[PDB]
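We begin with a single chain expressed as structure tokens, specifically the form deposited without the RNA.
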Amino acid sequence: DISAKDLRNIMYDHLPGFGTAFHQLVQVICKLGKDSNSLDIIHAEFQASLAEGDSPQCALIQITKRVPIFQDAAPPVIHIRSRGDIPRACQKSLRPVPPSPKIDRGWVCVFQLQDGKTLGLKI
């Protein structure tokens, strides 16, 4: 059986750059996928989207829209010390958190900083 780490590696292998908002979305998809025993269907949807000719980015988004655990779901909260703990390539994708952010609308996660600051990662 494919592990969360295996899936993360598979997905990373298709992404350009590193530490981009899409890599973080891979992280979220794998975490929530593991927690809901849905890694297989997520991998199947990913591969099927690639096989149809979708970009890998679009494949990840498609997973957020097609796998029910992400449908109308709030973004996960991820506790960090500071903004420096966020990958450089994610920095310009950080935004104030709106009311009711949703993963399937592009809100990948919410970072909670130690001093109380919160930043949403938007795709």
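All residue numbers refer to positions in the sequence shown, first residue = 1.
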Residue range whose averaged C-alpha B-factor is higher in the record, 79-87 or 60-68: 79-87
Comparing 99-107 with 21-29, the one whose average Cα B-factor in the PDB entry is higher: 99-107
Highest recorded Cα temperature factor - choice among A74, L50, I41, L94: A74
Hey, what third does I2 fall into on Cα B-factor, ranked over its chain? highest
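Keep in mind the form deposited with the RNA bound is missing from the figure; the text below concerns it.
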How about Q27: is it within 4.5 Å of the RNA in the bound PDB entry, going by heavy atoms? no
Could you tell me if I61 has a non-hydrogen atom within 4.5 Å of the RNA in the bound PDB entry? yes
Determine whether any heavy atom of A89 comes within 4.5 Å of a heavy atom of the RNA in the bound PDB entry, and answer yes or no. yes
According to a 4.5 angstroms non-hydrogen atom cut-off, is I123 in contact with the RNA in the bound PDB entry? yes
In the bound PDB entry: members of 16-30 within 4.5 Å of the RNA, any heavy atom: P16, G17, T20, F22
